[PDB]
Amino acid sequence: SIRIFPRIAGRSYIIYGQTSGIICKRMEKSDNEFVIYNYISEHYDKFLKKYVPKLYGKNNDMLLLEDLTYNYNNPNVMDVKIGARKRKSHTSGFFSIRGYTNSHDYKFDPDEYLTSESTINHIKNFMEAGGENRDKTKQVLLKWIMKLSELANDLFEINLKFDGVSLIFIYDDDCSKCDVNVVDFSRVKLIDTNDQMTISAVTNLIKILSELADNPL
């Protein structure tokens, strides 16, 4: 019995693993994603441990990846592309929200270019599922800011172009647990400097989330 994994975005074949806590992702165009996990493992092991789901193995053209939603009763997931898009410019300036849990209920369209005001409204839409205890939703926002802060810092010292990578924001309905990790290395490339487009995406999100944690309404 093959069980299809409930993606929030993208074109890739992702099924639940035969086993608890794993998803399998088909590398469709090349094994570049595998080359890149293994390169980050050699040269930036600390970055891998803190910010990337664990790669457990490869089976032909499938990566056996840590399921980021596994320890969640009621996960809310949001995919934000922070790396360069292939051709298009970003739908929210420095980044592109690709989807989120219940996005359909707020007539979210991934092809729509958004104002600052609309971008913030879509992130606020993503947080509705967390209920109205604004104390525990601030805690979710702050714990995301804590890890994005460190990621923006660490990214200055990493000589990769993160073309096409996303942040996966997760929080539980009861707001008791949350996390953000970096995924989708299939178009990442080696370069001789750091990636300022990707750092500006993260710093922008940190700005947006800070505004929400401080906003007193």
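In this text, residue numbers run from 1 along the sequence as written.
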> Comparing 2 to 10 with 206 to 214, which stretch shows the greater average C-alpha B-factor in the deposited entry?
Replying inline: 2 to 10
> Hey, which bit's got the bigger mean C-alpha B factor in the entry, 127 to 135 or 142 to 150?
Replying inline: 127 to 135
> Say you rank 66, 192, 184, 179 by Cα B-factor from the PDB entry; which sits at the top?
Replying inline: 192
>> Lowest, middle or highest third: which one holds residue 60 when the chain's residues are ordered by CA B-factor from the entry?
In response: highest
> What third of the chain, by the recorded C-alpha B-factor, contains residue 48?
Replying inline: middle
>> Please say which third, lowest, middle or highest, residue 199 falls into when its CA temperature factor is compared across its chain.
In response: lowest
> Comparing residue 114 with the other modelled residues of its chain, is its CA B-factor in the lowest, middle or highest third?
Replying inline: highest
> C-alpha B factor of residue 159, ranked within the chain: lowest, middle or highest third?
Replying inline: highest
